[PDB]
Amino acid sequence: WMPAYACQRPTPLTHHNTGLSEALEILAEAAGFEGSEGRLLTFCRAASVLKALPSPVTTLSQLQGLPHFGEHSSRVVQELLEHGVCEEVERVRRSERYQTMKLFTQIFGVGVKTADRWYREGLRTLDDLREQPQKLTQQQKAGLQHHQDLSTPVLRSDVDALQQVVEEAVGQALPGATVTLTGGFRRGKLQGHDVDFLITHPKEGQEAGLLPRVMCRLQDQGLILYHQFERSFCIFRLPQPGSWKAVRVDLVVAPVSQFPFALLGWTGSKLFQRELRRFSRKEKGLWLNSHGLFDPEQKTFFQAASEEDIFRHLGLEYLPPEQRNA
C-alpha cells in the first residue's frame, strides 16, 4: 500500500489530512523538547504518512496497514475523528513546559538544551532573558533583539529581490559563480522562516575561499545585521515599504562536483533528508550526505551530475522538490 520510508512516496505541500498531521506534529515537537528523538521521529513519520495519502482519513479502519501507526498514534487520530480534539495534544498545547520551550527554541542561537536549562532555572519569557543578558552569547543576543521580525514569515515575494542582491555580491566575489534558491521555497512554499541559497562555480576548484569574499561584500553593502568557511547563518536587512525588516538567510558554497548532493540536502524537507539518508544506509549500504554518496565496501564515491542521478543510484523513483514535503 504505502512504503515505510518518506523518500519512497510523493509528499505534496498541501494535502488532505492537515488537521491530523498537525496534531501528531505537536506530539513530535513535545517529544523533542524532552529529548526523546525516537518518539519525535515516529510521530513525525506518522504525520508524514497522512500527508502522502490521496484523500482524508474518515475512519479508524483506514489506518490499518499504514506504517508508523501503532496504538499511540492511532489513538490520537481516533480521538480527533470522534471528538475533533485529542486531550493529550491539548494538554501539551496549554502546558507551561511546551509553550516556554517552544518560545525559547524559536530564538536564533537557542537549542533544546539551552532552553531546557533556562526553563529549569525558572525563566519563562523573552523579557526574563533580556534582563540577565550576561548569560547570552552574541548569537543569542542577536536572535533575541531580532526575534519579532524573525517570527514573521518571509514571503516568496521577498525572496527574488534578496536573491538579486546576493547574486550581485557573488558575481563580484567570483565572476561566473551562480546562486540557486533551495530550502522550502524550492519545494514550492509561499512562505518560510528563512531563505536558503546554494552557491557554486562551473569550474571545479574556483569556489575555494568564496564564502568569506561574499560575506565581506554583503557586509560592506550594509546588508548584514548579524553573521558569525562554507556555510553562513546570517540575519539580513531586507527592504520593506518605507523601512526594512530582519530576515534569516543561509548561504552555502559547494564545489560543482558536489552540487547535486548539496542541492538535494539543502532542499529538504528535514524529514525527507533524514529518511533518505536512513534508506541509503540501511537498505542500500551507502552513506549519504550533502557532499556525496559513499560505497564503504568499494571505498568509492558516486559521481552525480544531477539530483536525478542520485535517486537512480539509490534505486528510488525520482521526486521533484515539490513532492519532498515530508
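Between two forms, the rigid core is defined as the largest C-alpha subset superposing within 1.5 Å. Residues carry their position along the shown sequence, with the first being 1.
Undergrad: Given a rigid core fit, name the stretch, 159 to 167 or 179 to 187, whose C-alphas are on average farther from the form shown here in 8 other deposited structures of this protein.
TA: Looking at 179 to 187 and 159 to 167 in 8 other deposited structures of this protein, the bigger mover is 159 to 167.
Undergrad: Can you check whether 59 to 67 or 282 to 290 lies farther from the displayed model in 8 other deposited structures of this protein, averaging C-alpha distances as RMS after superposing on the core?
TA: Most displaced of the pair in 8 other deposited structures of this protein: 59 to 67.
Undergrad: Can you say how many deposited residues have no coordinates in the span between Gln191 and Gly192, choosing none, 1 to 3, 4 to 9, or 10 or more?
TA: In the record, the chain runs straight from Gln191 to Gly192 with none unmodelled.
Undergrad: Regarding 153 to 161 and 106 to 114, which shows the higher C-alpha temperature factor on average in the entry?
TA: Per the PDB record, 153 to 161.
Undergrad: Using the B-factors recorded in the PDB entry, average over the C-alpha atoms of 213 to 221 and of 131 to 139, then report which stretch comes out higher.
TA: According to the entry, 131 to 139 carries the higher average C-alpha B-factor.
Undergrad: Sorting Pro255, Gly176, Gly242, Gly184 by Cα temperature factor from the record, which one lands on top?
TA: Across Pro255, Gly176, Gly242, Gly184, the entry lists the biggest C-alpha B-factor for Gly242.
Undergrad: Quick one: which of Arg97, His201, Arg248, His146 has the biggest Cα B-factor according to the entry?
TA: Across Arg97, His201, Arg248, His146, the entry lists the biggest C-alpha B-factor for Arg97.
Undergrad: For the chain shown, is the CA B-factor of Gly32 in the lowest, middle or highest third of its modelled residues?
TA: Middle third, going by the recorded CA B-factors of the chain.
Undergrad: Looking at the entry's B-factor column for C-alpha atoms only, identify whether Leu276 ranks in the lowest, middle or highest third of its chain.
TA: As the PDB entry reports it, the C-alpha B-factor of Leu276 lands in the lowest third of its chain.
Undergrad: Would you mind ranking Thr180 by its C-alpha B-factor against the rest of the chain and naming the third, lowest, middle or highest?
TA: Ranked within chain, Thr180 CA B lands in the lowest tercile.
Undergrad: Going by what the PDB entry lists, where does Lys299 fall on CA B-factor within its chain: lowest, middle or highest third?
TA: Highest third, going by the recorded CA B-factors of the chain.
Undergrad: For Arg231, does the deposited CA B-factor place it in the lowest, middle or highest third of the chain?
TA: It belongs to the lowest third of the chain when residues are ordered by C-alpha B-factor.
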